[PDB]
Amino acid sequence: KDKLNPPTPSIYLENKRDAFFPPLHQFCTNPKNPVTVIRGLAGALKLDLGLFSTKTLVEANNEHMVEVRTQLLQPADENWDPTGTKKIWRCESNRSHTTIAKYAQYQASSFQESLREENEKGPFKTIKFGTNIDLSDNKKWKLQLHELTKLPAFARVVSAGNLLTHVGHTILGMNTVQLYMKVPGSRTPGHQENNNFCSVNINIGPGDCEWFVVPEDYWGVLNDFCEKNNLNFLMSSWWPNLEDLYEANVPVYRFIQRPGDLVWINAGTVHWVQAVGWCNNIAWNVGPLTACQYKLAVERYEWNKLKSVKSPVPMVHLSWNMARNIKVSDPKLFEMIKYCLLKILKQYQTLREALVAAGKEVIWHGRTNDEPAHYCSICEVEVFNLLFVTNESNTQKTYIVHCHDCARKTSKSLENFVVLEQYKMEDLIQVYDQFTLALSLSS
């Protein structure tokens, strides 16, 4: 069908007025739009993309680390097995490190080589993709990060309407900017974002990228394809065969992102990308305050536990911060948060009471103000409030956190552990009790 090749939701911007017009924000965060391409965004805001050019990056921080992915240059929208015999999803890629200076030299020489060749099944040539360049340090990237404060609020790295701002600590690559340096054929394999959070991606240019997008509600079909073909959906590198998807009645959105175009990847949207030319891209996550975002983040948080994968967004910690600090006025979002908090509060009460009835002391430990969420050092599950720490780590004040189950598996009666409490019961009950739906007259 044509229903399987739907048009891309696309907003065409001319000026600042268009960029700050509230229907834009609403269009991006509408769950019916799996992706939104905001064309002409950088030009409309007079954003200086030059601050993210390879030449500028090399001058700024020439020894900055780059995670190199070495890949094969595959034809068009396809992915062939090493031998060029059949199309497959798997596309593993070896990792190494280099610096911005060294990668720049390669990106530039690759272009010169192409010019010289233009004046002259596979097997395929090898290319290198410069990935995951960490732009978190404001003292190294001051002008770069400042330029991105010119965006409308809903798309910024930091804003009051961004759940990731309410986490209250850094989640590298989500509430900090990552940069990608590309040559033609550089591929971002298929995935969903961490905990299904929206992503913002700006192409710096000078060349284009081609994007492939599948709506969130078809992710199970792709997960099933992965399980059938011995791939881990979450953790392996795969490039979907478009003929498999068409045969499975999965719609695929496909489009070109030109320099200065902003791509909004909506919550839980499955996507993959290839560079058509030589370009750089910048990206980060945003978590709009909508029922759909919160729900999908919680679903993936729980799915991650079943798949034994760490959630980079600590959804327990975040939910308590939301209750302390955000006046929520959408009834649907409100009820989801309230439901989650009650579950958390009740499981904590059940556990705390079992510990006390077993004669185990609970030690008042408290918390530092900007202290991150904790995860179990063994199984990597988020641990909230009651921290299980060995007698030795407690004495040494390293406070290495375990969850209850992992502690119990190590030390049957918890004789090797102390139990540390970061929040008083009465304080958590109050935050819950005082978290009520705020009235807003708007839709």
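Whichever C-alpha set is largest while still superposing within 1.5 Å between the two forms counts as the rigid core. One rule holds for the numbers: they count along the sequence shown, beginning at 1.
Once the structures in 7 other deposited structures of this protein are superposed via the core, the pair 146 to 154 and 84 to 92 is resolved in favour of 84 to 92 as the more displaced stretch (C-alpha RMS). Between 125 to 133 and 368 to 376, the larger root mean square Cα shift in 7 other deposited structures of this protein, once each structure is superposed on the rigid core, falls on 368 to 376.
Stretches 52 to 60 and 394 to 402 differ in mean C-alpha B factor, with the higher average recorded for 394 to 402. The PDB entry reports B-factors from which the mean C-alpha value can be compared for 291 to 299 and 72 to 80; the larger average falls on 72 to 80. Considering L145, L231, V276, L164 together, the PDB entry gives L231 the largest C-alpha B factor. Of the candidates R156, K346, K182, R258, the deposited coordinates give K346 the top C-alpha B factor. Among the modelled residues of its chain, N33 has a C-alpha B-factor that falls in the middle third according to the deposited record. The deposited CA B-factor of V389 belongs to the lowest third of values across its chain. Per the deposited record, the Cα B-factor of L45 falls in the middle third when ranked against the other modelled residues of its chain. Ranked against the other modelled residues of its chain, the C-alpha B-factor of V200 as given in the entry falls in the lowest third. For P251, the recorded CA temperature factor ranks within the middle third of the chain's modelled residues.
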